[PDB]
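Look below for two forms of one protein chain, each set out as structure tokens: first structure 1, then structure 2.
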Structure 1
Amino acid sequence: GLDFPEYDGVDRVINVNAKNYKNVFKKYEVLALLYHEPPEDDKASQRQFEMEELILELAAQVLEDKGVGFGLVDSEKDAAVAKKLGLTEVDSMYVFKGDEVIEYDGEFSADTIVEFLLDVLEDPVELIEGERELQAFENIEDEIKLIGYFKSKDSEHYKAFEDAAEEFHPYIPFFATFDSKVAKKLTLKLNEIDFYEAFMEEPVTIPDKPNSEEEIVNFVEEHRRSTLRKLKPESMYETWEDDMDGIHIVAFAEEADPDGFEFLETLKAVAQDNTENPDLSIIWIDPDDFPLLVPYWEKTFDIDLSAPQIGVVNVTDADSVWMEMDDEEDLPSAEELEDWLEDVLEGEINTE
């Protein structure tokens, strides 16, 4: 009569210090460090911190046999170590895997953190061989993808590709093929790399092949914001930050619902009608992925998340505006979405 993991009370979160830290690092394949400021002296702050500790404790327990360690770094009592390690942002989590350091910018909960760490544990490059797997690859599009064709894993150009892959791990999946048939189908010349924007079927080729790590890294950085991007728990705050002006276009759509899916197809049509519009950026949030936030969103934005929604959220002014859609009617077309967004973003309203 199976159950489901619950914290067993055993503390597995290391108290880090100048004496132990080097050994802490040598012990684990992946090490997650909580860099936090001590809680306020009041019992409400003490409480709050202890209940928050349950998250990483559960994660540490679950991942114990997978070579993952968790450690705590006090911003004051461990300031020396924090400096040496490069821990600069108070109250956050840094993840170390070999030579890579990753600032966690995801949802702070046990399941999402464990999912993130399992992703960090995976290898940075996935190999595609054969037409069946190629066809599957072509069906995955809710994420940026890079795919390159190289001679073999010993190729210097493959190694540069893998270096760049580690740099963006595990946020941006990298794929390689050593299979000339797959390459032919993808139209990849040897050492050529194709970049697929999220929700786009046609790739862009990284110019000036063969590509150095520098060329790949610069290209990915310049192209990191897809016109349409899915908000994901594991990286939600990184997605939300990484906006120049504090103004966001947000679309709510439940992929598992016909209306939601219909809206999603419309958002994709908008994106594909704006392939030369480097300013347009829409964040798609599927409410099914964030059930604990749904009532908060509904209350804050005054919308019903049983239905698709699109709006403009201005963080600076702490306000927003949402497109009115009548339930008795079909959803707006891509053109009508485009028109409404333009009207809002150029500036409007005034009533009586």
Structure 2
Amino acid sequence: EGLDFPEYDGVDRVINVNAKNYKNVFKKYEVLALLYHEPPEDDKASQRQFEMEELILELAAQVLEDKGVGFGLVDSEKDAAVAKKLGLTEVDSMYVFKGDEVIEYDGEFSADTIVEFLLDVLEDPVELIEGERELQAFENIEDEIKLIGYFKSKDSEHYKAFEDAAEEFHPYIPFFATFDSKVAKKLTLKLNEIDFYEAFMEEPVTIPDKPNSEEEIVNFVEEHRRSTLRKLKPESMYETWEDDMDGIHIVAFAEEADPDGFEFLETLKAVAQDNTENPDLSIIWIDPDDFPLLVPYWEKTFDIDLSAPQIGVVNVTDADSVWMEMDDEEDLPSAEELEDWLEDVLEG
């Protein structure tokens, strides 16, 4: 008899966090994920929706039990006093507490993404570059903002300020550091210098006025928080989509694992690089392979075939959209053709 794969065991591990136990709960767990939620309305549908959300947390709780991650619920009415003491303000959101750090979760509510997120939370906020493999891994990061600094040692005042700033964006924005002058020469970094890499960009921008305090780094990252080309990721999809440019998003569908999707993606990078100075411009790359449960909805709402690359303009108010025509029997449009089509659409 072969041993079974792991399965959900039906044992309840999600804690009802209330005024009587919330102090004891925070002492038991190093990392604690709390769902701050309104009580479900009396209709059956609202109870089923909450029933689903709680079981998703139960699954994540079973997977992360051995690593010491706790899961809890905070009722916005029954536990209003707990919400005030913990700083839980945005209802129906999940808050992650890692010691004396509070991390808000801005992603899809599924066991997959929540578990991957919390595993990232558990890691140290700064990743150290020592060997060639670590340096090569840093250079190959392109689908997200990244920062790298060169400091004298882990005990440098300027590294500790860099580490304090990394905790503010943990674990969404990767922070990298080196204390090796050879690695710093390969990255063209002076001592206490921090290079900021916009997503999908080759040239970094140096944070000015080095050495940088924690506040200088935090102010710089927030000011450059929106890259010209951004990828929609499950762990941060709601944050990205709410940062629209005056009510619209330019949306591009491209399956990276597909040869046409890959070619179209390389064109999108060229478009973004050629317009990287434009502050208002926001292009969102969606890989439909990352969101299989939304593909039927997207194909119906936008009247497009996601088996092929697509690009359009979406109105965030009503989901009204317009999508560029592309005939697959010929070459995909060049960056010049894409820029031309976007100009005419946006001119209206």
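All residue numbers here follow the sequence of structure 1, with the first residue given the number 1. Heads up, when I say rigid core I mean the largest set of C-alphas that superpose within 1.5 Å between the two forms.
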> Which of the listed residues (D42, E324, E64, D302) moves its Cα by 2 Å or more between the two structures when the core is kept in place?
Replying inline: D42
> Superposing on the rigid core, is the CA of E133 displaced by 2 Å or more between the two structures?
Replying inline: yes
>> I need the CA movement of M244 between the two structures once the rigid core is aligned, reported in Å.
In response: 4.7
>> When the rigid core is overlaid, by how much has the CA of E254 moved between the two structures, in Å to one decimal?
In response: 0.3
> With both forms put on the same core, how far apart in Å are the CA positions of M51 between the two structures?
Replying inline: 2.5
